[PDB]
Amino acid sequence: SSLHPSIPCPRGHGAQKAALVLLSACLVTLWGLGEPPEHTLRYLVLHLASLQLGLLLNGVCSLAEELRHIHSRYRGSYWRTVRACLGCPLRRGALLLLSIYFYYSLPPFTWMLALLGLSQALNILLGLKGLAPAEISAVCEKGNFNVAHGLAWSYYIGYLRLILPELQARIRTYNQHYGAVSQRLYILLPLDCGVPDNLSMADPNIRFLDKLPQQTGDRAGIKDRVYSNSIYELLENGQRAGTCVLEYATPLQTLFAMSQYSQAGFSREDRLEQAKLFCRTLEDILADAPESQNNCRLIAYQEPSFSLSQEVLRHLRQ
């Protein structure tokens, strides 16, 4: 990571390595105990069969609910619903038949089935199937089930992809028709999502200069939609030090407000996590984005004293 140390890096395969260590330790233990190795395989297969049967029971329980959404979620198809509730039906059926064959045959199946169903019903009714926070976060980042992902892609697709290509032209026009504004757009990324509408209320040194010429385009059925970029003066010890096109990242305002509305179901820990995820995703997008031909810089900072103007000037004087 390079934006800010607080930004987490993508998760690796540490869990699989721990699993391999656990497997080795368990095999060594079973070897030490000196137990009939055929029993080990027998009972492991029985345990996996129990897991498969429990998955089947929970899947039918969830199907009881998902069938009410068949015509809206699954195109009125029962096969798609069954697949959503039990994975691939062919593999699940194959493993179910293997379980049945290797339980009835290896040294009652109906009693075991009743017990597994009782356990599954107890877990479902009491809500014991809740995923751990780490598992939920891993599932969300893996499949990009996050608001920050969509916000970053909206910021790139809706604003940056349509502004950065025509940013140098407007800057050169302003320079011709008027100071030495830095030839880039600097985006502030407050991880606290404290985005004021005025940069002068954050740091007095950051003062408002003139503005770039408006950019107009037809967007989503709105004729001549306006995009305006403001130019700000950076004051050091009361004297101007540098000029640049500065602006906060607006989606952080949405992240902050969502933590203020109870209807959003968005907590403050979620706010921080999604802000950092937004920063990471935006950096990843800009890395491979062809529009960003050195036309944008991301400035992520955290408030513990702190001077925003100093960070901007550090990123400018490099």
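Under this definition, the rigid core comprises the largest set of C-alpha atoms superposing within 1.5 Å between the forms. Numbering starts at 1 and follows the sequence shown.
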Of the two stretches 56 to 64 and 258 to 266, CA positions deviate more in 7 other deposited structures of this protein after rigid core alignment for 56 to 64
Please indicate which stretch deviates more in 7 other deposited structures of this protein: 40 to 48 or 271 to 279, judged by C-alpha RMS distance after a core superposition? 40 to 48
Hey, does residue 221 show up as a hole in at least a third of the other compared models? yes
I'd like to know the size of any gap between residue 107 and residue 108, counted in deposited residues with no coordinates: none, 1 to 3, 4 to 9, or 10 or more. 4 to 9
